[PDB]
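Participant: Have a peek at upload_15.cif (mmCIF, C-alpha atoms and all ligand atoms).
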```cif
data_my_file
loop_
_atom_site.label_atom_id
_atom_site.label_comp_id
_atom_site.auth_asym_id
_atom_site.auth_seq_id
_atom_site.Cartn_x
_atom_site.Cartn_y
_atom_site.Cartn_z
CA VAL A 3 101.27 104.24 100.04
CA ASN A 4 99.52 107.39 98.67
CA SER A 5 99.54 111.13 99.54
CA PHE A 6 96.25 111.54 101.46
CA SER A 7 96.86 112.96 104.97
CA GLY A 8 94.87 112.93 108.25
CA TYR A 9 92.10 110.58 107.14
CA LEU A 10 90.41 108.43 109.76
CA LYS A 11 90.29 104.79 108.65
CA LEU A 12 86.71 103.46 108.79
CA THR A 13 87.04 100.07 107.04
CA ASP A 14 89.67 98.15 105.09
CA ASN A 15 89.08 100.47 102.12
CA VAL A 16 87.14 103.57 103.29
CA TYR A 17 88.73 106.65 104.90
CA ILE A 18 87.12 109.95 105.99
CA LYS A 19 88.25 113.52 106.76
CA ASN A 20 86.61 116.89 107.59
CA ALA A 21 87.74 118.87 104.54
CA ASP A 22 86.50 120.63 101.41
CA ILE A 23 86.90 118.21 98.45
CA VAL A 24 88.13 121.20 96.37
CA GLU A 25 90.95 121.88 98.87
CA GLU A 26 91.81 118.18 99.13
CA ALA A 27 91.97 117.98 95.34
CA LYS A 28 94.20 121.07 94.96
CA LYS A 29 96.62 119.67 97.58
CA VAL A 30 96.68 115.94 96.53
CA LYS A 31 95.99 116.12 92.78
CA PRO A 32 94.48 112.60 92.94
CA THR A 33 94.09 110.35 89.92
CA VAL A 34 90.28 110.58 90.34
CA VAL A 35 88.11 113.18 92.04
CA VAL A 36 84.38 112.37 92.19
CA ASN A 37 81.87 115.08 91.38
CA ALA A 38 78.33 114.98 92.81
CA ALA A 39 76.80 115.59 89.40
CA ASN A 40 73.29 115.83 88.01
CA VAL A 41 72.22 114.15 84.76
CA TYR A 42 72.70 117.39 82.78
CA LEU A 43 76.19 118.03 84.19
CA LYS A 44 74.99 121.50 85.21
CA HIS A 45 77.48 122.32 87.97
CA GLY A 46 75.67 125.00 89.95
CA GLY A 47 76.10 124.35 93.68
CA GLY A 48 77.54 122.09 96.37
CA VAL A 49 80.37 119.83 95.24
CA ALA A 50 79.70 120.42 91.52
CA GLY A 51 79.54 124.21 91.73
CA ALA A 52 82.61 124.34 93.98
CA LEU A 53 84.73 122.03 91.81
CA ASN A 54 83.59 123.83 88.67
CA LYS A 55 84.43 127.25 90.15
CA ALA A 56 87.90 125.97 91.08
CA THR A 57 88.42 125.04 87.38
CA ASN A 58 87.49 128.57 86.26
CA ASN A 59 84.39 127.07 84.52
CA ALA A 60 86.49 124.73 82.33
CA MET A 61 84.64 121.77 83.86
CA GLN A 62 81.31 123.25 82.72
CA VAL A 63 82.60 123.97 79.19
CA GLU A 64 83.83 120.39 78.82
CA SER A 65 80.60 119.05 80.33
CA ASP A 66 78.41 121.01 77.91
CA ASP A 67 80.28 119.49 74.96
CA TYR A 68 79.86 116.02 76.53
CA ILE A 69 76.08 116.47 76.88
CA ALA A 70 75.73 117.92 73.37
CA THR A 71 77.36 114.75 72.00
CA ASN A 72 76.00 112.05 74.34
CA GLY A 73 72.85 113.35 76.00
CA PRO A 74 72.15 113.21 79.73
CA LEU A 75 73.48 110.68 82.17
CA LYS A 76 71.23 108.25 84.04
CA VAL A 77 70.48 108.70 87.73
CA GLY A 78 72.89 106.18 89.25
CA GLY A 79 75.26 106.60 86.29
CA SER A 80 78.57 108.31 85.64
CA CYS A 81 81.07 109.50 83.09
CA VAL A 82 84.82 110.12 83.19
CA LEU A 83 85.97 113.57 82.09
CA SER A 84 89.07 115.67 82.71
CA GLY A 85 90.10 116.60 86.24
CA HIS A 86 91.43 119.94 84.91
CA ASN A 87 93.68 121.59 87.53
CA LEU A 88 92.29 119.45 90.39
CA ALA A 89 92.95 115.79 89.43
CA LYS A 90 93.89 113.67 86.44
CA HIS A 91 90.24 112.65 85.95
CA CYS A 92 86.86 113.68 87.29
CA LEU A 93 84.32 110.89 87.72
CA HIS A 94 80.94 112.63 87.48
CA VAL A 95 78.51 110.43 89.45
CA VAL A 96 74.75 111.05 89.65
CA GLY A 97 73.31 110.05 93.01
CA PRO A 98 69.53 110.33 93.43
CA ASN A 99 68.29 113.77 94.55
CA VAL A 100 65.21 113.18 96.77
CA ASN A 101 64.54 117.00 96.85
CA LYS A 102 63.87 116.47 93.08
CA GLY A 103 61.92 113.24 93.85
CA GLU A 104 64.31 110.37 92.71
CA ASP A 105 64.57 106.74 94.12
CA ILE A 106 67.08 106.39 97.03
CA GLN A 107 67.68 102.74 95.99
CA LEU A 108 69.67 104.23 93.11
CA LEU A 109 72.31 105.37 95.61
CA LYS A 110 73.90 101.90 95.61
CA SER A 111 74.08 101.95 91.80
CA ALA A 112 75.75 105.37 92.00
CA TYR A 113 78.44 104.13 94.41
CA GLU A 114 79.07 101.05 92.20
CA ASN A 115 80.71 103.42 89.69
CA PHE A 116 83.54 103.92 92.19
CA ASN A 117 84.58 100.26 91.80
CA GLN A 118 85.93 101.00 88.32
CA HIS A 119 88.76 103.06 89.90
CA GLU A 120 91.47 101.80 92.26
CA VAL A 121 91.64 105.00 94.36
CA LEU A 122 89.26 108.00 94.55
CA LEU A 123 88.79 111.25 96.42
CA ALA A 124 85.03 111.56 96.80
CA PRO A 125 82.23 113.38 98.64
CA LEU A 126 79.15 111.86 100.32
CA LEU A 127 76.73 111.10 97.46
CA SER A 128 73.05 112.13 97.75
CA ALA A 129 73.80 114.06 101.01
CA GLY A 130 73.79 117.86 101.51
CA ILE A 131 71.57 119.60 98.93
CA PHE A 132 70.63 116.21 97.32
CA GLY A 133 68.29 115.65 100.30
CA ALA A 134 69.15 112.12 101.49
CA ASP A 135 70.23 110.95 104.97
CA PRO A 136 74.05 111.26 105.25
CA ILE A 137 74.42 108.41 107.76
CA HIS A 138 72.71 106.28 105.14
CA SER A 139 74.98 107.50 102.33
CA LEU A 140 78.06 106.57 104.34
CA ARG A 141 76.62 103.13 105.10
CA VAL A 142 75.85 102.47 101.42
CA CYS A 143 79.35 103.65 100.49
CA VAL A 144 81.03 101.27 102.95
CA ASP A 145 78.77 98.39 101.90
CA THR A 146 79.18 98.97 98.12
CA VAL A 147 82.61 100.39 97.32
CA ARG A 148 85.46 97.87 97.36
CA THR A 149 88.20 100.14 95.96
CA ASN A 150 90.06 102.69 98.10
CA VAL A 151 87.90 105.74 98.78
CA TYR A 152 88.96 108.92 100.60
CA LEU A 153 85.78 110.74 101.65
CA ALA A 154 85.96 114.49 102.20
CA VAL A 155 83.10 115.84 104.33
CA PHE A 156 83.01 119.68 104.18
CA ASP A 157 80.65 120.31 107.11
CA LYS A 158 82.47 120.08 110.48
CA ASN A 159 79.33 119.24 112.43
CA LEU A 160 78.29 116.64 109.84
CA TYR A 161 81.73 115.03 110.03
CA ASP A 162 81.53 114.78 113.83
CA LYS A 163 78.05 113.26 113.52
CA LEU A 164 79.16 110.67 110.93
CA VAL A 165 82.20 109.46 112.89
CA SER A 166 80.36 109.23 116.19
CA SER A 167 77.46 107.26 114.63
CA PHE A 168 79.49 104.96 112.36
CA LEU A 169 78.88 101.23 112.91
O1 LIG A 201 78.47 119.28 100.01
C1 LIG A 201 79.30 118.48 100.26
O2 LIG A 201 79.01 117.17 100.64
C2 LIG A 201 77.71 116.80 100.97
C3 LIG A 201 77.47 116.94 102.48
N1 LIG A 201 77.68 118.30 102.93
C4 LIG A 201 76.77 119.38 102.79
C5 LIG A 201 77.56 120.59 103.13
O3 LIG A 201 78.73 120.16 103.82
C6 LIG A 201 78.88 118.77 103.60
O4 LIG A 201 79.81 118.11 103.92
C7 LIG A 201 80.77 118.74 100.16
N2 LIG A 201 81.61 117.80 100.58
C8 LIG A 201 82.91 117.99 100.46
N3 LIG A 201 83.42 119.10 99.98
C9 LIG A 201 82.61 120.08 99.55
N4 LIG A 201 82.89 121.29 99.03
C10 LIG A 201 81.76 121.93 98.76
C11 LIG A 201 80.70 121.12 99.11
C12 LIG A 201 81.26 119.94 99.64
#
```
Taking this structure as input, can you express it in the form of structure tokens?

Facilitator:
Amino acid sequence: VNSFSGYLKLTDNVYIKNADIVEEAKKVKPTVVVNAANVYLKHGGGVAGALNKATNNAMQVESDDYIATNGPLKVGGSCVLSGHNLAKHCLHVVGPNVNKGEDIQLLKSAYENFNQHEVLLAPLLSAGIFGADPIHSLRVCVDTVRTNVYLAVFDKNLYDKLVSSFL
């Protein structure tokens, strides 16, 4: 038993709620919050900008040191950094951004990173400003992640659409 509240169960291991991941993180303080990162860990907008803002830019400062030491991530890849005031850890995961022209097949590889963590609070990868179909992102999540994932979907109308179309 964990501390997540009001999630709709979708599968054995996937749960979903209409909420801002930032607000869910501040309330729950999960072991792992997933960031919808880019390969440069430049946290400007959407999930990344919102989480980073909630850390008072400490996420960005830590990220810049990570990139200076290690270079960029791969599309489909991830790294574990601090969760700052929001979580114990932040798993920065790079889903493909089709608005930038990347391969959607890499979305499954991106979700595979979640399997290295027993429980995660996460957003819908490659959706929103990343340009991919959200119904598809949810399907890939359910068909790829085997650990316990609590999905926060910020957009009320998107949430309604995802629940009503879920197979
Ligand atoms: O951007 C997010 O996810 C992608 C799908 N979208 C687009 C806008 O609304 C959505 O749900 C998202 N999710 C959960 N918490 C969030 N806090 C800020 C952004 C955000």

Participant: Kindly work out which residues sit at most 12 Å from ligand LIG 201 (chain A), using only C-alpha atoms and all ligand atoms, and give the list as an MDAnalysis selection string.

Facilitator: chainID A and resid 18:27 35:39 45:56 97 99 123:140 152:164

Participant: Measuring atom to atom with all atoms listed in the file, identify which of A:166, A:3, A:33, A:151 is nearest to residue A:90.

Facilitator: A:33

Participant: Give me the residues within 12 Å of residue A:76 as an mmCIF file with C-alpha atoms, in the coordinates of the input, counting only C-alpha atoms and dropping any in the same chain fewer than 6 places off.

Facilitator:
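Output file result_37.cif follows:
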```cif
data_model
loop_
_atom_site.group_PDB
_atom_site.id
_atom_site.type_symbol
_atom_site.label_atom_id
_atom_site.label_comp_id
_atom_site.auth_asym_id
_atom_site.auth_seq_id
_atom_site.Cartn_x
_atom_site.Cartn_y
_atom_site.Cartn_z
ATOM 1 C CA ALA A 39 76.800 115.590 89.400
ATOM 2 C CA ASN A 40 73.290 115.830 88.010
ATOM 3 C CA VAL A 41 72.220 114.150 84.760
ATOM 4 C CA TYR A 42 72.700 117.390 82.780
ATOM 5 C CA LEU A 43 76.190 118.030 84.190
ATOM 6 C CA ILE A 69 76.080 116.470 76.880
ATOM 7 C CA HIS A 94 80.940 112.630 87.480
ATOM 8 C CA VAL A 95 78.510 110.430 89.450
ATOM 9 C CA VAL A 96 74.750 111.050 89.650
ATOM 10 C CA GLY A 97 73.310 110.050 93.010
ATOM 11 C CA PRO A 98 69.530 110.330 93.430
ATOM 12 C CA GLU A 104 64.310 110.370 92.710
ATOM 13 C CA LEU A 108 69.670 104.230 93.110
ATOM 14 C CA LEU A 109 72.310 105.370 95.610
ATOM 15 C CA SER A 111 74.080 101.950 91.800
ATOM 16 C CA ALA A 112 75.750 105.370 92.000
#
```

Participant: What is the atom CA of residue A:107 to atom CA of residue A:11 distance in Å?

Facilitator: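 Result for atom CA of residue A:107 versus atom CA of residue A:11: 26.0 Å, one decimal.
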
Participant: One decimal, Å: what's the distance from atom CA of residue A:29 over to atom CA of residue A:17, could you say?

Facilitator: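 Rounded to one decimal, the two atoms are 16.9 Å apart.
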
Participant: I need the residue nearest residue A:64 from this list: A:28, A:102, A:141, A:44. Use all atoms listed in the file for the distance.

Facilitator: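 Between A:28, A:102, A:141, A:44, the residue approaching residue A:64 most closely is A:44.
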
Participant: Using only C-alpha atoms, collect all residues at a distance of at most 9 Å from (86.8, 105.4, 88.4) as written in the file, then present them as a list in words.

Facilitator: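 Protein and nucleic acid residues near the point are residues 33, 34, 35, 36, 81, 82, 91, 92, 93, 115, 116, 117, 118, 119, 120, 121 and 122 of chain A.
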
Participant: Could you tell me how far atom CA of residue A:74 sits from atom CA of residue A:103, in Å to one decimal place?

Facilitator: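 Atom-to-atom, atom CA of residue A:103 to atom CA of residue A:74, that is 17.4 Å.
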
Participant: Rank nothing, just name the residue among A:78, A:63, A:146, A:86 nearest to residue A:31, using all atoms listed in the file.

Facilitator: A:86

Participant: Restricting the calculation to all atoms listed in the file: of A:167, A:150, A:73, A:4, which residue gets closest to residue A:16?

Facilitator: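 Checking each candidate against residue A:16, we get A:150 as the closest.
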
Participant: For stretch 84-102 of chain A, take all atoms listed in the file, fit an axis-aligned box around them, add 4 Å to each of the six sides, then output centre and edge lengths in Å rounded to one decimal, as lines of an AutoDock Vina configuration file.

Facilitator:
```
center_x = 78.9
center_y = 115.8
center_z = 89.8
size_x = 38.0
size_y = 19.5
size_z = 22.1
```

Participant: Mind completing stretch 100-118 of chain A with N, CA, C and O atoms? Output as a CSV table (one decimal), in the coordinates of the input, please?

Facilitator:
```csv
chain,number,residue,atom,x,y,z
A,100,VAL,N,66.6,113.3,96.3
A,100,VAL,CA,65.2,113.2,96.8
A,100,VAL,C,64.5,114.5,96.9
A,100,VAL,O,63.2,114.6,96.9
A,101,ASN,N,65.2,115.7,96.9
A,101,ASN,CA,64.5,117.0,96.8
A,101,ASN,C,63.9,117.2,95.5
A,101,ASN,O,63.0,118.1,95.4
A,102,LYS,N,64.4,116.5,94.4
A,102,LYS,CA,63.9,116.5,93.1
A,102,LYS,C,62.9,115.3,92.9
A,102,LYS,O,62.4,115.1,91.8
A,103,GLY,N,62.8,114.4,93.9
A,103,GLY,CA,61.9,113.2,93.8
A,103,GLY,C,62.4,111.9,93.3
A,103,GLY,O,61.6,111.1,92.8
A,104,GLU,N,63.7,111.6,93.3
A,104,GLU,CA,64.3,110.4,92.7
A,104,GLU,C,64.4,109.2,93.8
A,104,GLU,O,64.4,109.5,95.0
A,105,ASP,N,64.6,108.0,93.3
A,105,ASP,CA,64.6,106.7,94.1
A,105,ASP,C,65.9,106.5,94.9
A,105,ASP,O,67.0,106.4,94.2
A,106,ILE,N,65.9,106.5,96.2
A,106,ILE,CA,67.1,106.4,97.0
A,106,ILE,C,67.8,105.1,96.8
A,106,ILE,O,69.0,105.0,97.0
A,107,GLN,N,67.1,104.0,96.3
A,107,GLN,CA,67.7,102.7,96.0
A,107,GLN,C,68.7,102.9,94.9
A,107,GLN,O,69.6,102.1,94.8
A,108,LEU,N,68.7,104.0,94.1
A,108,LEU,CA,69.7,104.2,93.1
A,108,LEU,C,71.0,104.7,93.7
A,108,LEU,O,72.0,104.7,93.0
A,109,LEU,N,71.0,105.0,95.0
A,109,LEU,CA,72.3,105.4,95.6
A,109,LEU,C,73.4,104.3,95.5
A,109,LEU,O,74.5,104.5,95.3
A,110,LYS,N,72.9,103.0,95.7
A,110,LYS,CA,73.9,101.9,95.6
A,110,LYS,C,74.5,101.8,94.2
A,110,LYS,O,75.7,101.7,94.0
A,111,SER,N,73.6,101.9,93.2
A,111,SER,CA,74.1,102.0,91.8
A,111,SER,C,75.1,103.1,91.6
A,111,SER,O,76.1,102.9,90.9
A,112,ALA,N,74.8,104.2,92.1
A,112,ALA,CA,75.8,105.4,92.0
A,112,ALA,C,77.1,105.0,92.6
A,112,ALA,O,78.2,105.3,91.9
A,113,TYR,N,77.2,104.5,93.8
A,113,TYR,CA,78.4,104.1,94.4
A,113,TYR,C,79.2,103.0,93.7
A,113,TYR,O,80.4,103.0,93.7
A,114,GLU,N,78.4,102.1,93.0
A,114,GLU,CA,79.1,101.0,92.2
A,114,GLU,C,80.0,101.6,91.2
A,114,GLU,O,81.0,101.0,90.8
A,115,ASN,N,79.8,102.8,90.7
A,115,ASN,CA,80.7,103.4,89.7
A,115,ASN,C,82.1,103.6,90.3
A,115,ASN,O,83.1,103.5,89.5
A,116,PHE,N,82.2,103.7,91.6
A,116,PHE,CA,83.5,103.9,92.2
A,116,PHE,C,84.4,102.7,92.0
A,116,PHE,O,85.6,102.8,92.0
A,117,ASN,N,83.8,101.5,91.9
A,117,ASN,CA,84.6,100.3,91.8
A,117,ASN,C,85.4,100.1,90.5
A,117,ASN,O,86.2,99.2,90.4
A,118,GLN,N,85.2,101.0,89.5
A,118,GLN,CA,85.9,101.0,88.3
A,118,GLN,C,87.3,101.8,88.5
A,118,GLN,O,88.0,101.9,87.5
```
